[PDB]
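Reading through the structure tokens given below for one structure.
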Amino acid sequence: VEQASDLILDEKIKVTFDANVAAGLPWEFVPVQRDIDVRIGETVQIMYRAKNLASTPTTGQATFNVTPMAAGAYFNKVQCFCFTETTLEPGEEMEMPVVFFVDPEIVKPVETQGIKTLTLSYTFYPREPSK
């Protein structure tokens, strides 16, 4: 419920935020850490910063894959309305909080059965004018 307060058994989930950026998004999209720990629900705060380094505005409606492979399904809050990243003029600092906690239901099916690093491959690469 964008908390977990039952699901939080003291079992450690790792998560590994592979934040990639390419030309298409000429924004200084810094990961906070490459990774986090959550105890399977432990509802953390991890911000992100994207500072625009272009000479004209861009958009930033970037694709993400929230899975090492098997899981994805067991990611809590795979999408929502009001995408954080969006649009910036040539200079400005976007920064936004994120919250992330893996569902312990991951440790149920044969699918995953050991899988517990909900790796978020972010690919910041829509369209660049000329930075």
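Ligands are numbered from 1 in the order shown, residues from 1 within each chain, and chains are lettered A, B, ... in the order they appear in the structure tokens.
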Residues of segment 85-128 of chain A within 6 Å of segment 38-60 of chain A: nearest atom pair and distance (Å, one decimal) for each, counting only C-alpha atoms, sorted by chain and number, as CSV?
```
residue,atom,partner,partner_atom,distance
A:85,CA,A:60,CA,5.7
A:86,CA,A:60,CA,4.8
A:87,CA,A:59,CA,4.2
A:88,CA,A:57,CA,5.5
A:89,CA,A:57,CA,4.0
A:90,CA,A:55,CA,4.9
A:91,CA,A:52,CA,4.7
A:92,CA,A:52,CA,5.4
A:93,CA,A:51,CA,4.2
A:94,CA,A:50,CA,5.0
A:95,CA,A:49,CA,4.2
A:96,CA,A:48,CA,5.5
A:97,CA,A:47,CA,4.0
A:98,CA,A:46,CA,5.2
A:99,CA,A:45,CA,4.9
A:101,CA,A:41,CA,4.9
A:102,CA,A:40,CA,5.3
A:103,CA,A:40,CA,5.6
A:104,CA,A:40,CA,5.2
```
May I have the residues within 10 Å of residue 115 of chain A as a count of residues only, using only C-alpha atoms and disregarding those fewer than 6 positions away in the same chain? 8
Spatial neighbours of residue 18 of chain A, max dist 9 Å, only C-alpha atoms, sep filter under 3 positions, as a list in words: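 The filter keeps residues 31, 34, 35, 119, 120, 121, 122 and 123 of chain A.
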May I ask which of the residues A:15, A:73, A:1, A:29 is the closest one to residue 112 of chain A, counting only C-alpha atoms? A:73
Distance of atom CA of residue 80 of chain A from atom CA of residue 5 of chain A, expressed in Å to one decimal place: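 Answer for the atom CA of residue 5 of chain A to atom CA of residue 80 of chain A separation: 21.2 Å.
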When DSSP works through the backbone of this structure, what residues of segment 49-125 of chain A end up as strand (DSSP E or B), shown as a PyMOL selection string? chain A and resi 49-52+58-59+63-66+75+87-88+93-98+102+117+120-124
Produce a file of the selected residues containing N, CA and C atoms, as a CSV table (one decimal), in the first residue's frame.
```csv
chain,number,residue,atom,x,y,z
A,49,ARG,N,18.4,12.5,-9.5
A,49,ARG,CA,18.8,13.9,-10.0
A,49,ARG,C,19.0,13.7,-11.5
A,50,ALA,N,18.4,14.5,-12.3
A,50,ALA,CA,18.7,14.7,-13.7
A,50,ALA,C,18.8,16.2,-14.0
A,51,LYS,N,20.0,16.7,-14.3
A,51,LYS,CA,20.3,18.1,-14.6
A,51,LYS,C,20.5,18.2,-16.1
A,52,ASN,N,19.7,19.1,-16.8
A,52,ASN,CA,19.8,19.1,-18.3
A,52,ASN,C,21.1,19.9,-18.7
A,58,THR,N,14.8,19.4,-23.7
A,58,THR,CA,14.6,18.0,-24.1
A,58,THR,C,13.3,17.5,-23.5
A,59,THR,N,12.9,16.2,-23.9
A,59,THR,CA,12.0,15.4,-23.1
A,59,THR,C,12.8,14.3,-22.5
A,63,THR,N,12.5,4.7,-20.9
A,63,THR,CA,12.1,3.3,-20.6
A,63,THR,C,12.9,2.7,-19.5
A,64,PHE,N,12.3,1.9,-18.7
A,64,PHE,CA,12.9,1.1,-17.6
A,64,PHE,C,12.4,-0.3,-17.7
A,65,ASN,N,13.3,-1.3,-17.2
A,65,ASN,CA,13.0,-2.7,-17.1
A,65,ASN,C,13.3,-3.0,-15.6
A,66,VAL,N,12.3,-3.3,-14.8
A,66,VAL,CA,12.4,-3.5,-13.4
A,66,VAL,C,12.5,-5.0,-13.1
A,75,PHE,N,7.5,-6.9,-8.7
A,75,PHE,CA,8.0,-5.5,-8.3
A,75,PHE,C,6.8,-4.7,-7.8
A,87,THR,N,10.3,16.6,-19.0
A,87,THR,CA,10.7,17.7,-19.9
A,87,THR,C,11.5,18.7,-19.1
A,88,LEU,N,12.6,19.2,-19.7
A,88,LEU,CA,13.4,20.3,-19.1
A,88,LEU,C,14.0,21.2,-20.2
A,93,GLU,N,17.7,21.6,-13.2
A,93,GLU,CA,17.8,20.5,-12.3
A,93,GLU,C,16.4,19.9,-12.0
A,94,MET,N,16.1,18.7,-12.6
A,94,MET,CA,15.1,17.9,-12.1
A,94,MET,C,15.7,17.1,-11.0
A,95,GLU,N,15.0,17.0,-9.9
A,95,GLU,CA,15.2,15.9,-8.9
A,95,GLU,C,13.9,15.5,-8.2
A,96,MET,N,13.8,14.2,-8.0
A,96,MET,CA,12.5,13.6,-7.6
A,96,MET,C,12.8,12.4,-6.7
A,97,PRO,N,12.0,12.2,-5.6
A,97,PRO,CA,12.1,11.0,-4.8
A,97,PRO,C,11.6,9.8,-5.6
A,98,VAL,N,12.2,8.7,-5.3
A,98,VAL,CA,11.6,7.4,-5.6
A,98,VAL,C,11.5,6.6,-4.3
A,102,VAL,N,10.8,-4.7,-2.7
A,102,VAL,CA,10.4,-5.9,-3.5
A,102,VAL,C,9.4,-6.7,-2.7
A,117,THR,N,17.1,-10.0,-6.8
A,117,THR,CA,17.7,-8.7,-7.0
A,117,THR,C,16.8,-8.0,-8.0
A,120,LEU,N,16.7,-2.8,-11.7
A,120,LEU,CA,16.0,-1.8,-12.5
A,120,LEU,C,17.0,-1.3,-13.6
A,121,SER,N,16.9,-1.8,-14.8
A,121,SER,CA,17.7,-1.3,-15.9
A,121,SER,C,16.9,-0.1,-16.4
A,122,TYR,N,17.3,1.1,-16.1
A,122,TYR,CA,16.8,2.4,-16.6
A,122,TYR,C,17.6,2.7,-17.9
A,123,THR,N,16.9,3.1,-19.0
A,123,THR,CA,17.6,3.5,-20.2
A,123,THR,C,17.1,4.9,-20.6
A,124,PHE,N,17.8,5.9,-20.1
A,124,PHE,CA,17.6,7.3,-20.5
A,124,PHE,C,18.1,7.5,-21.9
```
Any idea what the distance is between atom CA of residue 24 of chain A and atom CA of residue 77 of chain A? 25.7 Å
